[PDB]
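Reviewing the structure listed below.
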There are 2 protein chains.
Amino acid sequence: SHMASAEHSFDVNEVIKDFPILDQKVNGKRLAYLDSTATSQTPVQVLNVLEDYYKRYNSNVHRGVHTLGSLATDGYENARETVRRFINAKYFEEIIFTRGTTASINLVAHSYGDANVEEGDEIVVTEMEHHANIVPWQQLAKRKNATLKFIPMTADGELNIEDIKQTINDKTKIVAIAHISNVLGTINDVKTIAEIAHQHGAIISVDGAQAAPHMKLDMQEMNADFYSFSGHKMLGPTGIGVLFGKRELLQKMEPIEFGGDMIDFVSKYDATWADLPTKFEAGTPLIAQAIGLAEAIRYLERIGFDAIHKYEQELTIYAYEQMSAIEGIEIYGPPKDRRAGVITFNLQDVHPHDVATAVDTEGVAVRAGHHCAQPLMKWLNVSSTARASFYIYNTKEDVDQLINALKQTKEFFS
Amino acid sequence: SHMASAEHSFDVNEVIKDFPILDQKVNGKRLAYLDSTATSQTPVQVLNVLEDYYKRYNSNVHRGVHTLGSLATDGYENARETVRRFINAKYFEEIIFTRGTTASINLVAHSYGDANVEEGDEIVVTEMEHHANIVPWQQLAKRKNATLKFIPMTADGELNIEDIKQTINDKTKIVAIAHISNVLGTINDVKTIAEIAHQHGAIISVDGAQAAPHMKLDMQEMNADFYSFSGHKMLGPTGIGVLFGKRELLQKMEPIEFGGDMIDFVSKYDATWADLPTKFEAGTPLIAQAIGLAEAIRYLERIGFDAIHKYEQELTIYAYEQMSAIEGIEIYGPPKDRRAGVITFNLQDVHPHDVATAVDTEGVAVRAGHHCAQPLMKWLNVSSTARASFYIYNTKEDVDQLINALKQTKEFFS
């Protein structure tokens with residue numbers, strides 16, 4: 001088929017050999033892991049770099065120290081440089097390591113938000129946002145008596161340019177938006193939204209958790225003010241994310257966590273802060289996790305995003321077409337050729353929790369629930385949905401295993 | 001010798017076989033890693049558990065999901081239970097995972113501090129505190145126009161009961177104190193200080209980063225309100241720590257980071273919070289790191305703290321005596337038999353940065369600088385010091401290698 005050709009061109013079988021977790025059975029059936037949107041699997045190259053760190057040069061990080069300490073510092077600094085190049089940030093000091101996208105957005109909303117939002121200012125969000133890109137803005141609005149505004153969505157769950165222009169105005173201080181929806185697969189035009197924000201004297205904070213794993217990012221082209229993502233969704237270790245911020249903005253923002261490393265001087269009653277980026281990195285860093293995340297970036301770069309985007313789009317269109325052919329499947333969001341590698345759906349007369357349970361019995365991992373997007377579920381007029389997602393280690397066989405399992409589930413519940 | 005006997009009894013050579021990082025040379029000399037206070041080394045048992053997680057059951061965490069997801073959730077919940085038992089917390093929900101001791105103390109100071117400290121209240125600290133246990137209290141005092149008070153220290157860097165009783169009064173709301181000093185080796189009587197706090201209607205927040213790796217902790221006996229520590233100092237992975245808090249207190253405290261997992265329900269403008277402990281755990285957890293930290297706890301428990309305390313005390317007394325015999329060495333803090341496994345020192349007429357550089361050329365890893373304790377350095381009337389620290393994988397040979405390197409350093413600079 002067309003999908004066999006896409007598999008062969010991408011060399012997907014050689015990619016899968018790097019992911020030992022996929023070589024197992026679940027409930028006696030081969031594993032078809034279709035939940036990468038929740039967290040990705042991790043290649044041996046990343047695991048080998050983590051093992052090497054702990055077996056060869058673990059130490060705390062500080063410029064000019066004993067031998068292992070200076071190797072650990074080199075590895076941590078090299079990891080930040082790898083991230084800077086990955087997203088084409090202008091400066092090393094514009095990359096902040098955090099616990100994840102959620103911690104990144106919370107740092108923007110506390111540190112930037114409290115210094116730049118007052119009573120009567122507006123913060124623009126959307127109903128497709130993950131909780132991590134809604135609730136911090138709700139809390140900033142409550143602290144400041146500011147107003148939260150939602151960009152109206154089209155019937156297919158996209159943002160029309162005229163709705164974007166009508167919602168952003170000269171009262172807007174912050175536009176906070178997903179680059180890619182974790183549910184609908186919508187790809188927002190963040191470059192254009194940034195331009196409209198900037199015309200009104202607002203800044204843009206982008207939730208890029210579902211974009212960084214899947215497409216090339218260029219902070220300078222996009223002209224985002226802040227951009228946030230998570231390592232565990234892009235082949236990296238748990239516990240690490242990134243906040244990109246323009247240097248001019250980060251310089252004026254105050255830290256919100258205090259301790260070692262982020263200080264320059266401490267007396268009994270006062271303290272001064274370190275330079276960027278360490279101003280925002282209190283305590284001992286995520287040292288092993290940063291080193292592993294840099295290896296995950298090199299894994300993605302070695303394949304390249306043009307190859308990853310083509311393969312993911314072929315998988316996604318194939319899955320969308322095969323799932324659409326099952327009578328009773330409803331897919332939410334844009335058409336097959338206008339979406340990222342996610343399909344959120346319901347099966348007529350079968351609760352999505354029972355879909356997820358049933359396909360796991362067939363070896364297939366999907367998620368069911370609200371996907372941390374309760375306002376989106378309400379916008380769809382549902383409580384829960386089921387969600388399959390694709391990444392670089394998925395195959396036609398994985399999609400066909402889901403399709404057969406859904407047909408078996410229809411039969412079981414009929 | 002007495003130290004050879006202690007080595008043999010502890011089976012230190014078998015412990016060292018678990019730490020492949022120690023089996024290397026630095027500058028052509030065997031590695032003598034004497035910087036565990038900064039971060040510990042990591043045994044293969046912990047590395048094997050981390051590798052197994054990524055090769056067998058990585059997935060995001062949620063009760064009742066697909067097979068790998070339910071294994072990851074089990075591992076994360078089991079890890080929290082392991083921590084609860086390790087410190088004898090009454091309830092599972094009193095254990096919060098954080099990024100580290102610094103993040104733990106910052107959560108207390110923001111969430112508990114802002115709700116319980118007002119103008120004219122007092123916060124008690126000490127000049128031996130790490131920056132992580134000073135600067136958050138400075139910032140809480142500034143937010144609230146409250147007053148920071150310091151418990152006077154004895155000439156040996158300890159806290160006299162009469163100075164403790166004179167500094168704590170009915171205005172005190174929070175006593176924030178180290179269990180063990182990262183510099184002096186002082187072991188504070190936190191059980192007694194907690195009693196004095198409680199008599200005055202204050203709470204106690206304990207910095208236990210240097211105690212959790214080295215001694216048995218019992219939250220119920222101690223009667224601490226909050227207790228904070230870091231995994232990387234106790235054989236665990238980087239990027240994880242613990243906050244213990246009494247359930248009654250944590251129930252009333254508000255979260256300070258917002259997103260997925262920590263919410264129950266989200267609408268466009270409002271949100272409700274999850275139950276403890278997840279109320280304080282926004283975003284995707286530190287899943288691999290928690291699982292590794294539980295394995296580190298089982299490694300320490302298998303040896304037991306009575307054996308670890310005896311071995312560390314024998315090493316410490318041996319090192320204190322051998323270093324004291326070098327003319328020109330000044331050791332800071334209490335006597336050899338009243339300290340934890342740390343020796344902070346200076347060598348007459350040799351800057352401590354040059355000591356650290358010189359002994360690294362001899363394969364020995366120590367730290368030089370302020371040790372994130374600038375107010376303590378000022379209290380000692382120095383800028384910088386050098387610091388050697390001991391843990392379960394250190395030997396008489398490591399101490400003798402430091403002693404010979406210090407004598408060689410004296411010679412080089414004379």
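So you can find residues: chains in the structure tokens are A, B, ... in the order shown, residues in each start at 1, and ligands are numbered from 1 in order.
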(message) What's around residue A:358 at 12 Å? Count only C-alpha atoms, leave out sequence neighbours fewer than 4 positions away in its own chain, and write the answer as a PyMOL selection string.
(response) (chain A and resi 27+350-354+362-368+386+402+404-413) or (chain B and resi 65-67)
Only C-alpha atoms, please: the residues just picked out, written as an mmCIF file, in the first residue's frame.
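Now in result_32.cif:
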```cif
data_model
loop_
_atom_site.group_PDB
_atom_site.id
_atom_site.type_symbol
_atom_site.label_atom_id
_atom_site.label_comp_id
_atom_site.auth_asym_id
_atom_site.auth_seq_id
_atom_site.Cartn_x
_atom_site.Cartn_y
_atom_site.Cartn_z
ATOM 1 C CA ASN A 27 -2.792 -9.111 27.623
ATOM 2 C CA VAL A 350 -19.971 2.815 23.749
ATOM 3 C CA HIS A 351 -18.549 4.958 26.538
ATOM 4 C CA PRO A 352 -14.943 5.987 25.670
ATOM 5 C CA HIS A 353 -13.651 4.500 28.980
ATOM 6 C CA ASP A 354 -15.068 1.157 27.802
ATOM 7 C CA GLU A 362 -6.373 -6.234 22.293
ATOM 8 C CA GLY A 363 -2.882 -4.791 23.140
ATOM 9 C CA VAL A 364 -3.691 -1.207 22.032
ATOM 10 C CA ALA A 365 -2.853 1.747 24.306
ATOM 11 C CA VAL A 366 -5.192 4.780 23.877
ATOM 12 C CA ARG A 367 -6.452 7.263 26.396
ATOM 13 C CA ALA A 368 -9.993 8.068 27.421
ATOM 14 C CA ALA A 386 -11.047 8.405 23.368
ATOM 15 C CA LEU A 402 -6.690 -0.339 16.670
ATOM 16 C CA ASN A 404 -9.764 -4.349 14.348
ATOM 17 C CA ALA A 405 -10.048 -3.761 18.124
ATOM 18 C CA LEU A 406 -12.690 -1.034 17.577
ATOM 19 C CA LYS A 407 -14.709 -3.368 15.304
ATOM 20 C CA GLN A 408 -14.408 -6.114 17.994
ATOM 21 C CA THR A 409 -15.548 -3.553 20.653
ATOM 22 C CA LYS A 410 -18.612 -2.550 18.550
ATOM 23 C CA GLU A 411 -19.456 -6.286 18.366
ATOM 24 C CA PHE A 412 -18.949 -6.962 22.107
ATOM 25 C CA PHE A 413 -21.215 -4.061 23.176
ATOM 26 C CA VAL B 65 -5.883 3.176 32.280
ATOM 27 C CA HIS B 66 -4.134 0.943 29.635
ATOM 28 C CA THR B 67 -1.668 -1.704 30.885
#
```
(message) So, with only C-alpha atoms as the atoms that count, which of B:41, B:139, B:385, B:361 lies closest to residue B:346?
(response) B:385
Those of stretch 114-302 of chain B in DSSP strand (DSSP E or B), formatted as a PDB file with N, CA and C atoms, in the first residue's frame:
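Okay, this is what ended up in result.pdb:
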```pdb
ATOM      1  N   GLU B 122       6.966  37.092  63.475  1.00  0.00           N
ATOM      2  CA  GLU B 122       8.409  36.779  63.439  1.00  0.00           C
ATOM      3  C   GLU B 122       8.584  35.412  62.790  1.00  0.00           C
ATOM      4  N   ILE B 123       9.665  35.340  62.024  1.00  0.00           N
ATOM      5  CA  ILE B 123      10.172  34.064  61.430  1.00  0.00           C
ATOM      6  C   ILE B 123      11.582  33.855  61.965  1.00  0.00           C
ATOM      7  N   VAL B 124      11.815  32.722  62.580  1.00  0.00           N
ATOM      8  CA  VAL B 124      13.122  32.395  63.177  1.00  0.00           C
ATOM      9  C   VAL B 124      13.925  31.508  62.203  1.00  0.00           C
ATOM     10  N   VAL B 125      15.163  31.923  61.952  1.00  0.00           N
ATOM     11  CA  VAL B 125      16.143  31.155  61.108  1.00  0.00           C
ATOM     12  C   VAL B 125      17.461  31.111  61.859  1.00  0.00           C
ATOM     13  N   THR B 147       9.197  40.095  60.448  1.00  0.00           N
ATOM     14  CA  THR B 147      10.576  40.273  60.936  1.00  0.00           C
ATOM     15  C   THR B 147      11.287  38.931  60.970  1.00  0.00           C
ATOM     16  N   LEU B 148      12.500  38.894  60.413  1.00  0.00           N
ATOM     17  CA  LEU B 148      13.353  37.698  60.483  1.00  0.00           C
ATOM     18  C   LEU B 148      14.239  37.781  61.728  1.00  0.00           C
ATOM     19  N   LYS B 149      14.305  36.726  62.519  1.00  0.00           N
ATOM     20  CA  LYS B 149      15.090  36.631  63.758  1.00  0.00           C
ATOM     21  C   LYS B 149      16.030  35.438  63.646  1.00  0.00           C
ATOM     22  N   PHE B 150      17.239  35.606  64.133  1.00  0.00           N
ATOM     23  CA  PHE B 150      18.300  34.584  64.056  1.00  0.00           C
ATOM     24  C   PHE B 150      18.601  34.051  65.444  1.00  0.00           C
ATOM     25  N   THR B 172       6.342  34.564  67.233  1.00  0.00           N
ATOM     26  CA  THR B 172       6.955  33.668  66.206  1.00  0.00           C
ATOM     27  C   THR B 172       5.821  32.909  65.511  1.00  0.00           C
ATOM     28  N   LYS B 173       5.811  32.877  64.178  1.00  0.00           N
ATOM     29  CA  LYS B 173       4.832  32.051  63.434  1.00  0.00           C
ATOM     30  C   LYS B 173       5.512  30.802  62.825  1.00  0.00           C
ATOM     31  N   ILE B 174       6.793  30.950  62.467  1.00  0.00           N
ATOM     32  CA  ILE B 174       7.529  29.898  61.702  1.00  0.00           C
ATOM     33  C   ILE B 174       8.952  29.868  62.256  1.00  0.00           C
ATOM     34  N   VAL B 175       9.378  28.683  62.568  1.00  0.00           N
ATOM     35  CA  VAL B 175      10.812  28.405  62.826  1.00  0.00           C
ATOM     36  C   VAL B 175      11.295  27.538  61.661  1.00  0.00           C
ATOM     37  N   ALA B 176      12.301  28.029  60.985  1.00  0.00           N
ATOM     38  CA  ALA B 176      12.858  27.306  59.796  1.00  0.00           C
ATOM     39  C   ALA B 176      14.318  27.012  60.066  1.00  0.00           C
ATOM     40  N   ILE B 177      14.679  25.751  60.086  1.00  0.00           N
ATOM     41  CA  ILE B 177      15.986  25.358  60.632  1.00  0.00           C
ATOM     42  C   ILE B 177      16.503  24.132  59.919  1.00  0.00           C
ATOM     43  N   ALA B 178      17.812  24.057  59.808  1.00  0.00           N
ATOM     44  CA  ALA B 178      18.500  22.871  59.292  1.00  0.00           C
ATOM     45  C   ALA B 178      18.411  21.762  60.296  1.00  0.00           C
ATOM     46  N   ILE B 180      20.664  19.178  59.872  1.00  0.00           N
ATOM     47  CA  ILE B 180      22.139  19.052  59.875  1.00  0.00           C
ATOM     48  C   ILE B 180      22.723  20.128  58.970  1.00  0.00           C
ATOM     49  N   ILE B 187      24.509  18.956  64.255  1.00  0.00           N
ATOM     50  CA  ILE B 187      23.217  18.249  64.232  1.00  0.00           C
ATOM     51  C   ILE B 187      22.309  18.980  65.191  1.00  0.00           C
ATOM     52  N   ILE B 203       4.910  27.052  63.968  1.00  0.00           N
ATOM     53  CA  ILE B 203       5.201  25.750  63.324  1.00  0.00           C
ATOM     54  C   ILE B 203       6.701  25.720  63.008  1.00  0.00           C
ATOM     55  N   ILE B 204       7.169  24.525  62.745  1.00  0.00           N
ATOM     56  CA  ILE B 204       8.605  24.286  62.393  1.00  0.00           C
ATOM     57  C   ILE B 204       8.682  23.667  60.981  1.00  0.00           C
ATOM     58  N   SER B 205       9.505  24.270  60.155  1.00  0.00           N
ATOM     59  CA  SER B 205       9.844  23.763  58.792  1.00  0.00           C
ATOM     60  C   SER B 205      11.302  23.341  58.860  1.00  0.00           C
ATOM     61  N   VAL B 206      11.584  22.072  58.653  1.00  0.00           N
ATOM     62  CA  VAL B 206      12.958  21.550  58.803  1.00  0.00           C
ATOM     63  C   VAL B 206      13.564  21.324  57.414  1.00  0.00           C
ATOM     64  N   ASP B 207      14.777  21.811  57.236  1.00  0.00           N
ATOM     65  CA  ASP B 207      15.637  21.533  56.038  1.00  0.00           C
ATOM     66  C   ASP B 207      16.376  20.247  56.380  1.00  0.00           C
ATOM     67  N   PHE B 226       6.676  20.586  58.820  1.00  0.00           N
ATOM     68  CA  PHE B 226       7.163  20.373  57.431  1.00  0.00           C
ATOM     69  C   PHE B 226       8.565  19.860  57.518  1.00  0.00           C
ATOM     70  N   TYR B 227       8.899  19.019  56.550  1.00  0.00           N
ATOM     71  CA  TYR B 227      10.247  18.448  56.504  1.00  0.00           C
ATOM     72  C   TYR B 227      10.588  18.232  55.020  1.00  0.00           C
ATOM     73  N   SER B 228      11.747  18.698  54.605  1.00  0.00           N
ATOM     74  CA  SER B 228      12.120  18.768  53.173  1.00  0.00           C
ATOM     75  C   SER B 228      13.455  18.057  52.934  1.00  0.00           C
ATOM     76  N   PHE B 229      13.601  17.316  51.825  1.00  0.00           N
ATOM     77  CA  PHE B 229      14.900  16.711  51.489  1.00  0.00           C
ATOM     78  C   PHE B 229      14.968  16.420  49.990  1.00  0.00           C
ATOM     79  N   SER B 230      16.164  16.036  49.560  1.00  0.00           N
ATOM     80  CA  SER B 230      16.488  15.862  48.130  1.00  0.00           C
ATOM     81  C   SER B 230      16.957  14.454  47.837  1.00  0.00           C
ATOM     82  N   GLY B 241      12.783  15.723  44.890  1.00  0.00           N
ATOM     83  CA  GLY B 241      12.797  15.855  46.343  1.00  0.00           C
ATOM     84  C   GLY B 241      11.450  15.556  46.932  1.00  0.00           C
ATOM     85  N   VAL B 242      11.390  15.777  48.238  1.00  0.00           N
ATOM     86  CA  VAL B 242      10.183  15.489  49.030  1.00  0.00           C
ATOM     87  C   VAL B 242       9.861  16.661  49.905  1.00  0.00           C
ATOM     88  N   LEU B 243       8.574  16.942  50.015  1.00  0.00           N
ATOM     89  CA  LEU B 243       8.069  17.780  51.119  1.00  0.00           C
ATOM     90  C   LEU B 243       7.126  16.884  51.899  1.00  0.00           C
ATOM     91  N   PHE B 244       7.413  16.709  53.178  1.00  0.00           N
ATOM     92  CA  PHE B 244       6.458  16.185  54.164  1.00  0.00           C
ATOM     93  C   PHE B 244       5.763  17.367  54.814  1.00  0.00           C
ATOM     94  N   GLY B 245       4.454  17.259  54.928  1.00  0.00           N
ATOM     95  CA  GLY B 245       3.703  18.228  55.737  1.00  0.00           C
ATOM     96  C   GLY B 245       2.609  17.539  56.494  1.00  0.00           C
ATOM     97  N   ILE B 263      -5.938  19.550  39.391  1.00  0.00           N
ATOM     98  CA  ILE B 263      -7.336  20.054  39.352  1.00  0.00           C
ATOM     99  C   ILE B 263      -8.275  18.852  39.493  1.00  0.00           C
ATOM    100  N   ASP B 264      -9.484  19.181  39.857  1.00  0.00           N
ATOM    101  CA  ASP B 264     -10.599  18.208  39.808  1.00  0.00           C
ATOM    102  C   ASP B 264     -11.474  18.606  38.620  1.00  0.00           C
ATOM    103  N   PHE B 265     -11.933  19.828  38.620  1.00  0.00           N
ATOM    104  CA  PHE B 265     -12.799  20.360  37.535  1.00  0.00           C
ATOM    105  C   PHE B 265     -12.300  21.728  37.089  1.00  0.00           C
ATOM    106  N   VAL B 266     -12.439  21.977  35.798  1.00  0.00           N
ATOM    107  CA  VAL B 266     -12.045  23.256  35.175  1.00  0.00           C
ATOM    108  C   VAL B 266     -13.192  23.677  34.279  1.00  0.00           C
ATOM    109  N   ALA B 271     -11.724  26.871  38.531  1.00  0.00           N
ATOM    110  CA  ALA B 271     -11.188  25.515  38.702  1.00  0.00           C
ATOM    111  C   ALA B 271     -11.321  25.113  40.163  1.00  0.00           C
ATOM    112  N   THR B 272     -11.367  23.819  40.401  1.00  0.00           N
ATOM    113  CA  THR B 272     -11.290  23.230  41.735  1.00  0.00           C
ATOM    114  C   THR B 272     -10.063  22.345  41.793  1.00  0.00           C
ATOM    115  N   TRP B 273      -9.585  22.119  43.005  1.00  0.00           N
ATOM    116  CA  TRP B 273      -8.358  21.328  43.196  1.00  0.00           C
ATOM    117  C   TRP B 273      -8.597  19.876  43.547  1.00  0.00           C
TER     118      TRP B 273
END
```
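Taking atom CA of residue B:10 as the reference point, atom CA of residue B:345 is found at 27.2 Å.
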(request) Using DSSP on the backbone coordinates, identify all residues within stretch 9-144 of chain B classified as helix (DSSP H, G or I); present the result as a ChimeraX atom specification. (result) /B:9-10,12-17,20-22,44-57,67-86,92-94,101-116,131-133,135-144
(message) I'd like to know which of B:291, B:315, B:308, B:202 is closest to residue B:52, using only C-alpha atoms.
(response) B:291
(request) Work out how far atom CA of residue A:333 is from atom CA of residue A:414, in Å to one decimal. (result)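 Here the two named atoms are 26.7 Å from each other.
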(request) Please identify all polymer residues within 9 Å of residue A:169, counting only C-alpha atoms, omitting same-chain residues fewer than 5 positions from it, and present them as a ChimeraX atom specification. (result) /A:122,196-197,199-202
What does the file look like for those residues with N, CA, C and O atoms, as a PDB file, in the first residue's frame?
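File written: again.pdb
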```
ATOM      1  N   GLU A 122      -6.796  42.649  29.634  1.00  0.00           N
ATOM      2  CA  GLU A 122      -7.395  41.421  29.074  1.00  0.00           C
ATOM      3  C   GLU A 122      -6.275  40.423  28.808  1.00  0.00           C
ATOM      4  O   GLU A 122      -5.192  40.779  28.347  1.00  0.00           O
ATOM      5  N   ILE A 196      -0.541  39.899  15.451  1.00  0.00           N
ATOM      6  CA  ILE A 196      -1.757  40.638  15.910  1.00  0.00           C
ATOM      7  C   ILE A 196      -1.615  41.053  17.361  1.00  0.00           C
ATOM      8  O   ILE A 196      -1.990  42.159  17.770  1.00  0.00           O
ATOM      9  N   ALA A 197      -1.083  40.167  18.211  1.00  0.00           N
ATOM     10  CA  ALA A 197      -0.812  40.563  19.590  1.00  0.00           C
ATOM     11  C   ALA A 197       0.069  41.827  19.636  1.00  0.00           C
ATOM     12  O   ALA A 197      -0.203  42.718  20.448  1.00  0.00           O
ATOM     13  N   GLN A 199       0.735  44.050  17.436  1.00  0.00           N
ATOM     14  CA  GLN A 199       0.076  45.294  16.890  1.00  0.00           C
ATOM     15  C   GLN A 199      -0.697  45.993  18.012  1.00  0.00           C
ATOM     16  O   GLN A 199      -0.853  47.233  17.983  1.00  0.00           O
ATOM     17  N   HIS A 200      -1.229  45.268  18.975  1.00  0.00           N
ATOM     18  CA  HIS A 200      -2.064  45.791  20.073  1.00  0.00           C
ATOM     19  C   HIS A 200      -1.268  46.039  21.345  1.00  0.00           C
ATOM     20  O   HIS A 200      -1.887  46.344  22.340  1.00  0.00           O
ATOM     21  N   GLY A 201       0.050  45.827  21.293  1.00  0.00           N
ATOM     22  CA  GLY A 201       0.962  46.006  22.446  1.00  0.00           C
ATOM     23  C   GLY A 201       0.846  44.896  23.495  1.00  0.00           C
ATOM     24  O   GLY A 201       1.010  45.135  24.695  1.00  0.00           O
ATOM     25  N   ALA A 202       0.434  43.710  23.062  1.00  0.00           N
ATOM     26  CA  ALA A 202       0.405  42.498  23.920  1.00  0.00           C
ATOM     27  C   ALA A 202       1.636  41.650  23.605  1.00  0.00           C
ATOM     28  O   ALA A 202       2.282  41.769  22.582  1.00  0.00           O
TER      29      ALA A 202
END
```
(request) Show which residues sit within 12 Å of residue B:13, as a ChimeraX atom specification. Count only C-alpha atoms, and ignore same-chain residues fewer than 6 positions away. (result) /B:4,6-7,19,22-23,392-397
Which residues, written as a short mmCIF file (atom, residue, chain, number, x, y, z; two decimals) with C-alpha atoms, in the first residue's frame, have at least one atom at most 10 Å from residue B:256, with only C-alpha atoms counted and residues fewer than 4 positions away on the same chain left out?
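Final output, saved to result17.cif:
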```
data_model
loop_
_atom_site.label_atom_id
_atom_site.label_comp_id
_atom_site.auth_asym_id
_atom_site.auth_seq_id
_atom_site.Cartn_x
_atom_site.Cartn_y
_atom_site.Cartn_z
CA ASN A 106 3.14 28.93 35.44
CA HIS A 110 3.34 34.48 37.92
CA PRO A 136 -2.60 29.87 35.39
CA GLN A 139 -5.43 32.71 38.59
CA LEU B 107 6.37 25.76 48.54
CA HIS B 110 4.78 30.76 49.57
CA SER B 111 1.71 28.58 50.35
CA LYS B 279 -3.17 19.17 44.79
CA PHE B 280 0.53 20.19 45.02
CA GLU B 281 1.75 18.17 41.96
CA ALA B 282 0.90 20.08 38.78
#
```
